[PDB]
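Data block below; observations after.
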Amino acid sequence: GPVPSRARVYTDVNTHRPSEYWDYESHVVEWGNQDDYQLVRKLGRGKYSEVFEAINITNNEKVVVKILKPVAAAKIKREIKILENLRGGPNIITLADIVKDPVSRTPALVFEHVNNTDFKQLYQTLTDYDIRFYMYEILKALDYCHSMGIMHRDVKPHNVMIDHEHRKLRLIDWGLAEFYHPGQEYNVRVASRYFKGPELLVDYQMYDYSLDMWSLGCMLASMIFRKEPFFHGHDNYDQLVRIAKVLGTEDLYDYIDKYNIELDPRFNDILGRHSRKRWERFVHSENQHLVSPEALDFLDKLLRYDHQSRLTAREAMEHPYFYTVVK
Ligand SMILES: Nc1ncnc2c1ncn2[C@@H]1O[C@H](COP(=O)(O)OP(=O)(O)OP(=O)(O)O)[C@@H](O)[C@H]1O
Ligand SMILES: Clc1cc2[nH]ccc2cc1Br
């Protein structure tokens with residue numbers, strides 16, 4: 001069957017922590033006062049929650065309220081435990097309160113509000129320096145959560161809030177986040193299609209923090225090459241073919257051979273044979289100002305099939321691409 005795998009960093013953070021730290025099922029939720037919050041406007045709705053802008057009437061501060069849709073208490077306590085564990089961490093969204101919504105009769109998570117800049121404007125206006133600056137900020141949040149034994153599993157642009165005026169970044173939406181336990185087989189239905197790592201696309205369940213580094217690489221490629229998304233699959237199968245058209249099929253077969261993974265036979269008549277492309281192939285007059293040899297080397301070290309070969313968040317922070325960023 002498949003060869004086992006373990007993270008090359010932060011492998012035993014959870015084994016050496018009190019069981020209360022990662023045993024989210026055993027956690028007793030402390031409930032706040034729902035009357036402290038006045039809902040102002042609906043910001044969005046997904047399969048798992050409705051999101052509102054609200055006012056905390058005890059301090060007149062703006063907050064965001066995520067009212068959870070009917071889902072397993074396992075996912076609810078997991079998100080709460082992760083948010084409480086990471087609270088105060090660099091660039092991690094702050095969970096301000098947990099209240100029972102009187103209408104839905106489900107938990108409502110109250111978060112600090114971030115005055116988020118339009119994503120389309122950010123994507124179209126970020127300069128070379130801003131891309132490096134904000135990528136260093138996201139790495140601080142990822143190294144923190146990884147060092148705390150947690151994988152985010154849904155890194156994507158909509159989950160990175162940026163207040164471009166105050167040069168403030170927050171990593172949000174921890175509903176898919178999970179505690180990393182060496183040897184544990186996880187669900188591969190995580191992350192959004194365009195940001196799914198090859199490990200999820202080939203059904204390899206013993207993955208780790210390095211999944212987030214693939215997702216970060218996908219964001220980087222889309223920003224420096226001005227191609228959103230970078231890997232534009234029609235579905236989860238075409239998603240792997242789109243990756244293989246860039247990284248090539250030889251390295252893909254070496255990856256699956258290393259872990260003794262057998263690809264779904266449905267890939268036999270869609271994967272083809274592709275060579276690895278040089279990153280310069282994606283450079284053109286409209287994105288050249290965002291590309292440098294340091295950007296391409298950094299990208300090359302994130303976008304690797306073998307999850308064990310990708311840079312960790314801390315190694316990424318050491319890369320020459322960030323030497324220009326004021327620290
Ligand atoms: N802490 C926050 N401060 C300000 N706005 C937030 C905060 N958290 C979420 N939002 C905003 O709430 C809105 C709705 O969120 P929601 O996650 O449902 O949709 P979304 O960002 O389009 O996500 P997805 O792409 O996953 O569907 C978004 O515009 C999001 O930026
Ligand atoms: Cl790190 C980062 C996160 C982001 N979220 C939306 C745009 C955007 C750009 C960068 Br660079």
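Residue numbers start at 1 and run along the sequence shown. Both ligands and their constituent atoms are indexed starting at 1 by order of listing.
At a heavy-atom cutoff of 4.0 Å, ligand 2 is contacted by no atom of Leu220, backbone or side chain. With a heavy-atom cut-off of 4.0 Å, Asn115 does not touch ligand 1 at all. Contact annotation: for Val160 versus ligand 2, heavy atoms closer than 4.0 Å belong to both the backbone and the side chain. At a heavy-atom distance under 4.0 Å, no atom of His158 approaches ligand 2. Under 4.0 Å from ligand 1, the heavy atoms of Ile93 that appear belong solely to its side chain. With a heavy-atom cut-off of 4.0 Å, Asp130 does not touch ligand 2 at all.
Atom CD of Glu280 has more than 12 heavy atoms from other residues, nucleotides or ligands within 6.0 Å.
Ring geometry, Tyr134 versus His164: the interplanar angle falls from 30° to 60°, so the pair is classed tilted. Using the six-membered ring where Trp is involved, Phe322 and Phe298 have ring planes that are perpendicular, over 60° apart on the 30 and 60° scheme. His307 and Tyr255 have perpendicular rings, their planes meeting at more than 60° on a 0 to 90° scale where under 30° would count as parallel.
Ranking the protein heavy atoms by distance from atom 6 (C) of ligand 2 puts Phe119 CD2, 3.2 Å first. Looking only at heavy atoms of the protein, atom 17 (O) of ligand 1 is closest to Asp173 OD2, 4.5 Å. Taking atom 21 (O) of ligand 1 as the reference point, the nearest protein heavy-atom neighbour is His158 CB, 3.7 Å. For atom 12 (O) of ligand 1, the closest non-hydrogen atom on the protein side is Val51 CG1, 3.4 Å. At the shortest separation from atom 24 (P) of ligand 1 among protein heavy atoms lies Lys156 NZ, 3.7 Å. The shortest contact between atom 8 (C) of ligand 2 and any protein heavy atom is with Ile162 CD1, 3.8 Å. If you check which protein heavy atom lies closest to atom 2 (C) of ligand 2, you get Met219 CE, 3.9 Å. Summary of contacts: the protein heavy atom closest to atom 9 (C) of ligand 2 is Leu126 CD1, 3.6 Å. Of the protein's non-hydrogen atoms, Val114 O, 3.1 Å is the one closest to atom 4 (C) of ligand 1. The protein heavy-atom contact nearest to atom 8 (N) of ligand 1 is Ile172 CD1, 3.8 Å. Distance from atom 2 (C) of ligand 1 to its nearest protein heavy atom, with residue and atom name: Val64 CG2, 3.5 Å.
The protein does not reach atom 19 (O) of ligand 1 closely, with no heavy atom under 4.0 angstrom from it. Taking a distance limit of 4.0 Å, we find that atom 27 (O) of ligand 1 is approached by no protein heavy atom.
Using a distance-only test at 3.5 Å, with no hydrogens or angles considered, no donor-acceptor pair links the side chain of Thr15 to the main chain of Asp12. Judged by distance alone, with hydrogens and angles left aside, the side-chain atoms of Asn159 form no donor-acceptor pair with the main-chain N or O of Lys156 at under 3.5 Å.
No heavy atom of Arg170 sits closer than 4.0 Å to any atom of ligand 1. The closest approach between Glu50 and ligand 1 stays at or above 4.0 Å for every heavy atom of the residue. Not a single heavy atom of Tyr123 lies less than 4.0 angstrom from ligand 2.
When only modelled atom types and interatomic distance are considered, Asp118 and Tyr123 share no side-chain donor-acceptor pair under 3.5 Å.
Between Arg170 and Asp163 there is no salt bridge, since no side-chain N of the basic residue sits under 4.0 Å from a carboxylate O of the acidic one. Salt bridge annotation for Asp300-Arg276: present, with a cationic side-chain nitrogen under 4.0 angstrom from a carboxylate oxygen. Electrostatic pairing of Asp306 and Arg310 does not count as a salt bridge here, judged by no charged N lying under 4.0 Å from a carboxylate O.
Residues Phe225 and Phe282 bring their aromatic ring centres within 6.0 Å. The ring of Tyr180 has its center no closer than 6.0 angstrom to the ring center of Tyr10. Aromatic ring centres of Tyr237 and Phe267 lie closer together than 6.0 Å. Ring to ring, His27 and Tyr21 are not that close: their centroids are 6.0 angstrom or more apart.
Each of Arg78, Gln184, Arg153, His152 was evaluated against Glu178; a single residue qualifies, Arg78, per the side-chain hydrogen bond (donor to acceptor under 3.5 Å, both in side chains) test.
Atoms of ligand 1 lying under 4.0 Å from any heavy atom of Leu43, numbered from 1 in the order shown and given with element: 12 (O), 13 (C), 14 (C). Residue contact check: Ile138 has heavy atoms under 4.0 Å from atoms 1 (Cl) of ligand 2. The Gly44 neighbourhood of ligand 1 comprises atoms 14 (C), with distances under 4.0 Å to a heavy atom of that residue.
Among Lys47, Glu112, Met161, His113, the residue whose heavy atom sits closest to atom 1 (N) of ligand 1 is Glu112.
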